[PDB]
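Working notes, beginning with the structure itself.
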């Protein structure tokens, strides 16, 4: 992905978790985090509790949403996604997509990964494979300082 592109096909259908929401309902008011995750990956299990405290710290200041990547037999099934999500206290909207609409635009082939957007929905930064989201917390504060 190039930076400064608008958020494209923010949709899913296989399942969705806590809620689902479109670009035009997220942007207009606050910057955004989209993150891609899998219940099969060790670094996603470290990102997950950090996503819970990040959501709490930043929900008033930045939107959060997630996209599950079906990648392996242990994350292939949305009941497993639901049950694992409930334990991680992730309460942002999440979707799972069998059509992989974002993989047509982003060309997703990475997890965990994180994409941070300004309040008009232009991509400001992208990172992947962090120690959970500990670095990403800084870039989000940097994007707040670009959007306030």
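Here Cβ is always computed from backbone atoms with ideal geometry, including for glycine, and neighbour counts include all displayed protein chains. Values quoted throughout were computed directly from the atomic coordinates according to the rules given, and no laboratory measurement underlies them.
With the simple spin-label model, which puts each label point 7 Å out from Cα in the Cβ direction, the residue 73 to residue 5 separation comes to 3.3 nm. Restricting attention to the chain, close to 60% of DSSP beta bridges with both partner residues there are antiparallel. Helix 42-58 and the longest principal axis of the C-alpha atoms of the chain enclose an angle of approximately 40°.
Taking Rh as the Kirkwood radius computed over C-alpha pairs, what is the Stokes-Einstein D of the chain at 20 °C in a medium of viscosity 1.002 mPa s, expressed in µm² per second? Before the final figure, lay out the partial values.
Values: Rh = 15.1 Å.
Rounded, D is 142 µm²/s.
Result for the chain in a Gaussian network model with C-alpha springs under 10 Å: among 138, 30, 119, the largest mean-square fluctuation is at 138.
Taking the longest Cα principal axis of the chain as reference, the axis of helix 78-87 is set at about 60 degrees.
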